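Presented below, as structure tokens, is a lone chain in the form deposited without N-benzyl-N,N-diethylethanaminium.
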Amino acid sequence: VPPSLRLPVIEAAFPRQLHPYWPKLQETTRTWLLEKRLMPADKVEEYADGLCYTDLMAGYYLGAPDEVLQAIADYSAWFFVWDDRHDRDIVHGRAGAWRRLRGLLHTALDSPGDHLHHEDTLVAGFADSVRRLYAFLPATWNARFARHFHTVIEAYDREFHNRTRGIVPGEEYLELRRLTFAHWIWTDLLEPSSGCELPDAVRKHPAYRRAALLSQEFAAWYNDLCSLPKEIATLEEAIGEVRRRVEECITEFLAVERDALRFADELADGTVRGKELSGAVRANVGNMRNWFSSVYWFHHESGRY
């Protein structure tokens, strides 16, 4: 990894983790992509061939039930397809087609059941992915996921118009840039991964919230850092500033992580409920931590494509 991009702290203090179910994700996701006809057989094969977003997810949502990880993996593959459609609409100036897709996604997000077989396979695949994600936790969690994802769709829309007018956001085979738009969604998905919808009071506790924010912000700043040196294909001090912000996300997270785990201790009051909430907080925070190493190494490995 380039010295300019290297993070000795991540390498030393954030050991990579891999979900035990990882080996089984590939074939299932391939089957799903082909079944929903999300991409032509050959495009599926390319995406399924090497590194893909499932690898990011499998180093992140540790402890997730197998079915939850599978659902998240398929959702991440859907993201790849959406990104491709997004780019294509932009390149071809298909403003109408994009606007209509934007509308259908908002609609399918709130009502996936009656969109499972939409003529647009991207929408059909989206609806199925969301339906499956909605099957794990109570409707209150589903509604929050939806609330957050509506915002993500609008972020893509903003980008569509920016890029349509010559503004270059950041090509990259397996970019993380647009994925960071879904920062609240990744945070939401920690919950079905530990099997509990956290009460507002717990997930809005300052230590939990801050840990969650910093985990995601790290990836945003780091994506900035990795983009700068590509300018070649002032600079040194521009990198310097972004680098300090990346390092600050990490050290700030380490501090708030300690606070979050103390909070978890407090939740474990001896009752089964306390034990469940405590365990879920610890698992979620642990995965907020795993995000650092998963992102860091995913970027490095993606550079081989």
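Residue positions are given as counts along the sequence shown, with the first one as 1. Only the largest set of C-alpha atoms that superpose within 1.5 Å between the two forms is called the rigid core.
- The deposited sequence places 1 to 3 unmodelled residues between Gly170 and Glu171.
- In this entry, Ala233 is separated from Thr234 by 10 or more residues of the deposited sequence that have no coordinates.
- Two stretches are in play, 6-14 and 289-297, and the higher mean C-alpha B-factor belongs to 6-14.
- The question of which stretch, 197-205 or 211-219, has the higher mean Cα B factor is settled in favour of 197-205.
- Across the options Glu241, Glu247, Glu257, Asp66, the residue with the most elevated CA B-factor in the record is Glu241.
- Take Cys52, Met57, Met39, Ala264 and read off each C-alpha B-factor from the entry; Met39 has the highest.
- Remark: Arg88 belongs to the highest third of its chain, ranked by C-alpha B-factor as recorded.
- When the modelled residues of the chain are ordered by their C-alpha B factor, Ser129 lands in the lowest third.
- Ranked by Cα temperature factor within the chain, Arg178 sits in the middle third according to the deposited record.
- When all modelled residues of the chain are sorted by CA temperature factor, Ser278 is found within the middle third.
- The entry lists a Cα temperature factor for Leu34 that places it in the highest third of the chain's modelled residues.
Below: the form solved in complex with N-benzyl-N,N-diethylethanaminium, not depicted.
- Within 2.4 Å of backbone or C-beta atoms of the shown chain, at least 3 atoms of N-benzyl-N,N-diethylethanaminium land once it is superimposed from its position in the entry with it bound; the pocket counts as blocked.
- For N-benzyl-N,N-diethylethanaminium in the entry with it bound, the listed stretch (71-79, 96-104, 135-143, 121-129) containing residues with heavy atoms inside 4.5 Å is 71-79.
- When N-benzyl-N,N-diethylethanaminium is considered in the entry with it bound, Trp291 lines it closely, a heavy atom lying within 4.5 Å.
- Of the heavy atoms in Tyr208, none are within 4.5 Å of N-benzyl-N,N-diethylethanaminium in the entry with it bound.
- Residue contact with N-benzyl-N,N-diethylethanaminium in the entry with it bound: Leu198 places no heavy atom within 4.5 Å of it.
- Interface membership of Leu213, defined by any non-hydrogen atom within 4.5 Å of N-benzyl-N,N-diethylethanaminium in the entry with it bound, is ruled out.
- For the candidate set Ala260, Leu33, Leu56, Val246, a heavy atom within 4.5 Å of N-benzyl-N,N-diethylethanaminium in the entry with it bound is found for exactly one residue, namely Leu56.
- Taken together, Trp186, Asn223 and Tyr305 are fully in contact with N-benzyl-N,N-diethylethanaminium in the entry with it bound: each brings a heavy atom within 4.5 Å.
- Scanning 179-196 for heavy atoms within 4.5 Å of N-benzyl-N,N-diethylethanaminium in the entry with it bound gives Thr180, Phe181, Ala182, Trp186 in sequence order.
- Following superposition on the rigid core between the shown form and the other one, the residue from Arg144, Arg178, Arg132, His205 with a C-alpha displacement of 2 angstroms or more is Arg178, and no other.
- The two forms, fitted on the rigid core, differ between the shown form and the other one by less than 2 Å at the CA of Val123.
- In the core-superposed comparison between the shown form and the other one, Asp259 has its Cα shifted by less than 2 Å.
- Relative to the superposed core, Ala48 undergoes a C-alpha shift of no less than 2 Å between the shown form and the other one.
- In summary, the C-alpha positions of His299 and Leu176 diverge in the entry with it bound, ending up at least 3 angstroms farther from each other than in this conformation.
- Here's the thing about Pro20 and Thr180: their CA atoms end up at least 3 Å farther apart in the entry with it bound than they are in this form.
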